[PDB]
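Chain letters run A, B, ... following the sequence lines, proteins first, then strands; residues in each count from 1. Read the numbers this way: they start at 1 and go in the same order the structure lists the ligands and their atoms.
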Amino acid sequence: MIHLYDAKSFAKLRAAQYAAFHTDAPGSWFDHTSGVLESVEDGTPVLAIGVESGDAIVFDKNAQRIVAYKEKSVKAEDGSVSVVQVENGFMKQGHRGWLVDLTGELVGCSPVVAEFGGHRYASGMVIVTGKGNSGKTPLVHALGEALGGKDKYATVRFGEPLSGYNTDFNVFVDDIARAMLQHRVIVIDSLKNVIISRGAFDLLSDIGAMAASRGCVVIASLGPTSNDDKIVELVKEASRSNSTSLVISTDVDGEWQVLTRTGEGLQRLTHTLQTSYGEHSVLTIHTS
Amino acid sequence: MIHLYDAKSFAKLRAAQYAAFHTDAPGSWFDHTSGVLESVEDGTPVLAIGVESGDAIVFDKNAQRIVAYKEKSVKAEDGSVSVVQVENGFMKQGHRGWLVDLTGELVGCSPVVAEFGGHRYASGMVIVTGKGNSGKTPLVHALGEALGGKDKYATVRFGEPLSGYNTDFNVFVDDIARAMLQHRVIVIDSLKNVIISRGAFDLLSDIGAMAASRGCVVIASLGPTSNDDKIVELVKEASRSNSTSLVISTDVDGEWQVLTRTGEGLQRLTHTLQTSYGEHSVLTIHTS
Amino acid sequence: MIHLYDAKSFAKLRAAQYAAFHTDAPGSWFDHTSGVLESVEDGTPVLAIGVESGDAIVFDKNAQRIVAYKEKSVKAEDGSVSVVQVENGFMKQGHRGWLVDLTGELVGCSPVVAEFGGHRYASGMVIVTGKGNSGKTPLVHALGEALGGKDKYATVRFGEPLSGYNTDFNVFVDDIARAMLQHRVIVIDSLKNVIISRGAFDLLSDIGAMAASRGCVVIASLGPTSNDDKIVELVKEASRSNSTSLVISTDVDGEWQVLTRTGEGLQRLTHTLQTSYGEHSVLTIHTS
Ligand SMILES: Nc1ncnc2c1ncn2[C@@H]1O[C@H](COP(=O)(O)CP(=O)(O)OP(=O)(O)O)[C@@H](O)[C@H]1O
Ligand SMILES: Nc1ncnc2c1ncn2[C@@H]1O[C@H](COP(=O)(O)CP(=O)(O)OP(=O)(O)O)[C@@H](O)[C@H]1O
Ligand SMILES: Nc1ncnc2c1ncn2[C@@H]1O[C@H](COP(=O)(O)CP(=O)(O)OP(=O)(O)O)[C@@H](O)[C@H]1O
Ligand SMILES: [Mn+2]
Ligand SMILES: [Mn+2]
Ligand SMILES: [Mn+2]
C-alpha cells in the first residue's frame with residue numbers, strides 16, 4: 001500500500017529499518033513470517049508468481065497450488081482494496097507477490113537472514129556473478145550451507161545440461177515458490193536460461209522483494225551465456241538492479257566481493273570472502 | 001524437485017557425482033534408466049518435447065506417440081505434485097523433459113557414456129563446432145562409432161541440402177525423442193537450421209539435460225552459416241553453455257580439443273584428438 | 001528416418017554415397033525416383049511445400065494440388081509414424097518435403113544430375129551468386145541448357161520487374177513443386193524477393209534437400225538487392241549453407257567457379273567455367 005510520513009514517523013521507519021539488518025536476531029524475520037503463514041486459515045492464497053505466459057499461478061501456505069478460489073477482498077489501512085480470485089488454476093484477480101501481509105507497516109527492509117564469519121547477510125536476492133568459470137556453482141553451495149547454519153539449504157536446479165535438471169520454466173517457478181514458502185536459505189542454479197518471456201521478466205523483477213518480504217535469501221548463479229568481454233556489466237547491472245546483494249569474483253583466485261543493500265535508503269556495505277577447494281570440488285569459505 | 005542439503009549430505013552428493021563420471025562402469029547409467037523405463041506401467045507417458053509452435057508432444061517407453069491421456073497426478077518426495085494430461089496429440093498438462101523420474105536424489109551428474117582411447121566421455125550433449133566447413137560431419141560420425149563401441153549409433157539427419165534429409169522441425173524432434181528413448185549414442189547432423197522458433201529455443205535448452213538424465217550422448221554438428229569473424233563466439237558460448245561437452249577444431253589439421261563438464265560444480269577436463277581420413281572420407285580417431 | 005550404423009555399415013554407406021556422385025550414370029537417380037512417384041496410388045500426397053503464411057500446400061504425383069485427404073498414417077522401418085491429412089486446400093497433418101520415401105537407406109547423397117564439359121554436376125540446389133550484373137541471368141539459362149542436355153530445362157520466373165513475371169509467392173511455390181515433380185533441370189530467376197515470410201524461410205531450408213532427394217537440379221539466381229560491402233561475404237556464405245553447389249563470379253570477365261558438395265561427409269570439388277556471349281545476350285559455356 002502507500003504510506004504517509006512526516007519527519008518524526010520517517011525517522012522511526014529508518015531506525016526500524018536499520019534495526020532489521022543490524023540488531024534483530026538473524027533469522028528472526030523468517031520465523032516471524034513463518035508464524036504468519038502457519039496461522040493462515042487453510043485454502044487461503046498466500047503467494048502468486050508469474051508463469052512463462054505472463055499469467056500467475058497461486059499457492060497456499062503448504063506450497064500446494066490453488067485451482068479454484070472465488071472472489072474475496074480485503075480493505076487496507078490506506079482505503080485500498082486487494083482482491084483475490086483463482087479460476088482454472090490461474091489468477092483471475094489479484095497481484096503477483098505475497099497475497100497476505102508479512103511486513104505490516106515495516107517496509108523497505110533487508111531483514112538479516114544469517115550471520116557468518118563476522119558478517120551479517122541480508123535476506124532477499126543474492127546474485128553471484130563474474131568472469132567465466134569463476135567457480136559460481138561451488139560458491140552458491142558454500143554460501144548455501146554457511147548461511148543455512150543449523151538448517152539445511154534448499155537447492156533449486158534449472159537450465160543446465162546435467163542429469164536431472166528441470167529446463168521447463170513453469171516447473172521452475174513452482175520449485176521457487178515451494179522453496180520460499182518452506183525454507184530460509186535457497187540456492188538457484190541457475191538463471192542463465194531465464195535471461196525473454198513475461199514469466200522470466202516477472203521473476204527477475206519479483207523475486208528479491210518476495211524473498212526480502214519473507215526474510216529468506218535466494219542465492220542465484222547468473223552468468224552471461226556469451227562474451228568474456230564487457231557484457232560482464234549488462235547482466236551485472238541487471239544484477240545490480242534486481243538484487244539485494246551482489247557477490248562478484250575478483251582478479252584474485254578464490255576471492256569474492258560481497259556488496260549488500262542493508263535496507264531502504266541505507267548504506268551499502270562491502271566485504272571479501274576467501275575460499276578454497278577440498279575433495280570433489282567442495283568449496284569452503286574461510287572464516288576465523 | 002528441490003533438494004535439501006547440509007555439509008555432510010552435500011559432500012555425499014559431490015562424491016556420488018564425481019563417481020558417476022570417474023569410476024562407474026561406462027554405459028551403466030544408460031542400462032539403469034533403460035530399466036526404469038522398461039518397468040513403467042503400460043501407457044505411462046515418459047517424455048515430452050517441444051514442437052515448433054512451443055507446444056509439446058508426448059511419447060511412451062517404446063517411442064510411440066500418445067495422443068490422448070486422462071489427467072494423472074503423482075506426488076513427489078518434496079511435496080511437489082506432477083500432473084500429466086494429453087489431448088488431441090498435444091500435452092495439455094505437464095512439462096518438457098522426462099515425465100518419469102530417472103534420477104531421484106542423484107542429480108547434477110554427467111554419467112559416463114563410454115570410454116575410448118584412454119579417455120572417459122560424458123553423456124549429455126556434445127556440440128562439435130569450428131571454423132567454416134571444418135570436417136564436422138566426418139568427426140561426429142567417427143565419434144558416434146567410437147562411443148557406440150559394441151553398439152550401433154543412431155543418426156538423426158536434419159536441414160542439409162542432401163538427399164533424404166528431413167527439413168521439418170517437428171519430424172526432427174520426433175526423431176530425437178525416439179533416438180534418446182532407444183539408443184545410448186546419437187549423432188545429429190545438423191543443428192545449423194535450428195539456430196529462432198519456440199520449439200528450437202526449447203530443444204537447445206532441453207536436450208543436454210534430457211540426454212544426461214538418460215545416460216545417452218547426443219553428438220551434434222553446429223555451424224554458423226556466415227562469418228569466420230567473431231561469430232565463432234556467437235554460435236559458440238551458445239555452445240559452451242547449452243553443452244555438456246564441446247569438441248572444437250584447432251589450427252592443426254585433423255586435431256580437435258574435447259572440453260568436458262564432468263559434473264555439477266566439478267572440474268572441466270580437456271583432451272586432444274588426432275584424426276585422419278581413409279577411403280570415402282571415413283575418419284578415424286587415433287588412439288594408441 | 002533415423003538410421004543405425006556400425007563401422008562396416010557406415011563404410012558401405014560412404015561407398016554408396018560416393019558412387020551416387022562419381023560412378024552412377026548421370027540422371028539415373030531422377031529416373032529412379034520418377035518410377036517411385038509413378039507407383040504411388042492415385043490421389044496420394046507426394047509433396048508438401050510451405051506457402052507464405054507458413055502453412056503448407058500438398059501435391060500429388062501429377063503435380064495437382066490436393067484440397068481434401070482423409071487422415072492416413074504410415075509406419076516407417078525405424079518405428080516412426082507419418083500422418084498425412086489435407087483439409088480445405090491445406091495440410092492438416094504431415095510435414096514439409098517429400099511425403100513418400102524416395103531415398104530409403106540411401107541418404108546423404110548428391111546424385112549426379114548430368115555431365116558436361118568433363119565435369120559431373122550434382123542434383124540439389126545450385127545457387128548462382130556474385131558481383132552485381134555479373135551476368136547471373138544469362139548464366140543460369142546456359143547452365144540449364146547444358147545440364148538439360150537431351151532434355152529441355154524448366155524455367156521458374158519470380159519477382160523481377162519484367163513482362164509476365166509472377167510476383168506472388170504462393171504461385172512461385174506452386175511453380176517450383178510442379179517443376180520438381182516433372183523435370184530434372186530447373187532454373188529459378190530469381191530469389192531476390194524471397195531473401196522474411198515463414199514460407200520464404202521454409203523454401204530456403206527445404207529445397208536443396210527436396211531436389212537432391214528427387215535427383216533434380218534447381219539452378220537459382222540469388223543476387224544481393226542492396227549494399228556491396230561484405231554483403232557479398234554474407235550471401236556467399238548464407239549460400240554456401242543452403243546449397244548443394246555454388247556458382248560464383250570471379251574478378252575475370254565471363255569466368256565462374258563451381259563448388260560442389262559431392263555428398264555427406266565427402267570431398268567438395270571445385271572447377272572453373274569460361275563463358276562468352278553471342279547474339280541477343282545468349283551465353284555459351286566453353287567446353288572443348
Ligand atoms: N578442485 C577444483 N579446483 C579448482 N577449480 C575447480 C575445482 N572444482 C571445480 N572447479 C571450478 O568450478 C567450476 C564450477 O562448475 P561450473 O558450474 O561448471 C562453472 P561456473 O563457474 O558455475 O559458471 P557457469 O556454469 O555459469 O559457466 C568449474 O568450471 C571449475 O572451473
Ligand atoms: N579425404 C578427405 N581429406 C580431407 N578432407 C576431407 C576428406 N573427405 C572429406 N573432407 C572434408 O570434410 C568435409 C565433409 O563434411 P561437410 O558437411 O562437407 C563440411 P562440415 O565441416 O561438416 O561443415 P558444414 O557442412 O557446416 O560446412 C568437407 O569440408 C570436406 O572438404
Ligand atoms: N551482350 C552482352 N555483353 C556483356 N554482358 C551482357 C550482355 N548481355 C547481357 N549482359 C549482362 O547480363 C546482365 C543481364 O542480366 P540481368 O538480370 O539484367 C543482371 P544479373 O547479373 O542477372 O544480376 P541481377 O539481375 O541479380 O542484378 C546484364 O546486366 C549484363 O551484366
Ligand atoms: Mn555453474
Ligand atoms: Mn557438415
Ligand atoms: Mn538477373
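Using modelled atom types, no side-chain atom of C:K136 and backbone atom of C:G132 make a donor-acceptor pair closer than 3.5 Å. No donor-acceptor pair under 3.5 Å is formed between the side chain of B:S226 and the backbone N or O of C:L234. B:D175 places no side-chain N or O within donor-acceptor distance of the main-chain N or O of B:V156, the cut-off being under 3.5 Å. Although no hydrogens or angles enter the test, the distance criterion places no donor-acceptor pair under 3.5 Å between the side chain of C:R240 and the main chain of C:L246.
Protein heavy atom at the shortest distance from atom 11 (C) of ligand 3 is C:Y277 OH, 3.2 Å.
Of the protein's heavy atoms, none falls inside 4.0 Å of atom 30 (C) of ligand 3. Note that atom 5 (N) of ligand 3 has protein non-hydrogen atoms nearby, at separations under 4.0 angstrom. Not a single protein heavy atom sits closer than 4.0 Å to atom 25 (O) of ligand 3.
Within ligand 3, counting atoms from 1 as listed, the ones closer than 4.0 Å to a heavy atom of C:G135 are 12 (O), 21 (O), 31 (O). Atoms of ligand 3 found under 4.0 Å from any heavy atom of C:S134 (numbered from 1 in listed order, with element): 21 (O).
Residue contact annotation: C:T137 places an N/O/S atom under 2.8 Å from the Mn ion (ligand 6).
Proximity annotation for atom 28 (C) of ligand 3: of C:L283, C:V282, C:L222, C:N133, C:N133 comes nearest, heavy atoms only. Of all the listed residues (C:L191, C:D253, C:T137), C:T137 holds the heavy atom that lies closest to atom 17 (O) of ligand 3. If you check each of C:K131, C:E160, C:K136 against atom 20 (P) of ligand 3, the one with the closest non-hydrogen atom is C:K136.
The aromatic rings of C:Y5 and C:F10 lie perpendicular to each other, with more than 60° between the two planes, well past the 30° mark.
Between C:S281 and ligand 3, a contact under 3.5 Å exists for at least one N or O pair. Looking at C:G278 next to ligand 3, no N or O pair under 3.5 Å apart turns up.
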TODO: Just do the ring-ring contact (aromatic ring centres under 6.0 Å, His included) check on B:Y121 and B:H271 with the steps written out, would you?
DONE: CA-CA 11 Å; B:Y121 287 85; B:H271 76 263; 5.2 Å; yes
TODO: I would like to know whether B:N133 and C:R261 meet side-chain contact (heavy atoms from CB on, under 4.5 Å); could you show each step before the answer?
DONE: CA-CA 11 Å; B:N133 65 293; C:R261 298 168 72 172; over 6 Å; no
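Within the 4.5 Å cutoff, no side-chain heavy atoms of C:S110 are placed close to those of C:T262.
Side-chain polar atoms of B:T272 and B:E255 form a donor-acceptor pair below 3.5 angstrom.
With a 4.0 Å cut-off on non-hydrogen atoms, C:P138 touches ligand 3 through its side chain and not its backbone.
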